[PDB]
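Given as structure tokens, the chain that follows is alone and in the form deposited in one PDB entry.
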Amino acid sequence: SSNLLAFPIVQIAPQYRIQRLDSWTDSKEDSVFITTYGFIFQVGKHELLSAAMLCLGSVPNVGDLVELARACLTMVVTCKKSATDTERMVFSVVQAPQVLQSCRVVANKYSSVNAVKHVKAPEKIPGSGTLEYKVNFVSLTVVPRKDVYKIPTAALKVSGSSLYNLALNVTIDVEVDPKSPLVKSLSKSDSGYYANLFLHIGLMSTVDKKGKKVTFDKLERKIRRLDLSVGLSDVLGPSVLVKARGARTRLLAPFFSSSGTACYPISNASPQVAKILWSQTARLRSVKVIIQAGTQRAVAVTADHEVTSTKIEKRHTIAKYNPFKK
């Protein structure tokens, strides 16, 4: 049923799901992030163009959370194409419930986002006419605001001839009917289908000591003491969560919040993986920590070195929706 979020790549109840991250860190739960999913209709006839996603920001953790989710359905939102350097979709908030009044989108009264990351098929969205964005799915994440820390892009773009590029080779088991049109773009394994995602997660030195030179010994040892665990989530749209239990070298520090966490929205890492995850439940299959050369030029002519795996947090997945009570 949440499988229709693949539209148009393919008697319809509103659904919700809550993910609790209270335990991820001992940071105190304090916030509830809201990500809505639904459909773009061309008003007047009334025709479904495309599935879409819209993060609202977050509100304080209070009250019946299932109520909060109900309230998210009574938003009235329209939208239109715009562009800057790329195509944007601009959502106008026409009506919102009181409990949403402090969140980013509702207080601003609009949200302008990259079109490809938030609309299944922007090519099917016309350049004019009135468009309604109908909220049908509400995904909530209870989490300390502190812990949801997106790495600034400037930081992800640092490179150096004597740095290694720390990445994860991430495979994601996605629950999908073997007969869905989506299967065409996934890999198959004896068990089922997975999606591949390569993610740059930090920087490591080639050089020990302000002398040279670090070895495959003390990089396996540096990373193990970092002690990484990785999961999936909807805060910020479909996202990879990474946590280090061990202190960060000087270099790794911009890649983790002060409570050791980082959230990588897949929308930015791999926009196609992200939109598959709008429609399908999914859990992490494996996450192998990779060291690559520290500049793209070097990466071309040098072999990747697989170090180890991370713990997979099996509680942190893209979970199944539930319909509203009668």
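Just so we're on the same page, rigid core means the largest C-alpha set that superposes within 1.5 Å between forms. Residue positions are given as counts along the sequence shown, with the first one as 1.
The same protein also exists as the form deposited in another entry; that form is not shown, yet it is the one meant from here on.
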| property | result |
| --- | --- |
| Flag for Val307, CA shift 2 Å or larger between this form and the one not shown after aligning core | no |
| Cα separation of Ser229 and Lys314 in that other deposited form versus here, shift of 3 Å or more | closer |
| Pair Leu284/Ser309, Cα separation in that other deposited form versus the displayed form, closer or farther by 3 angstroms or more | farther |
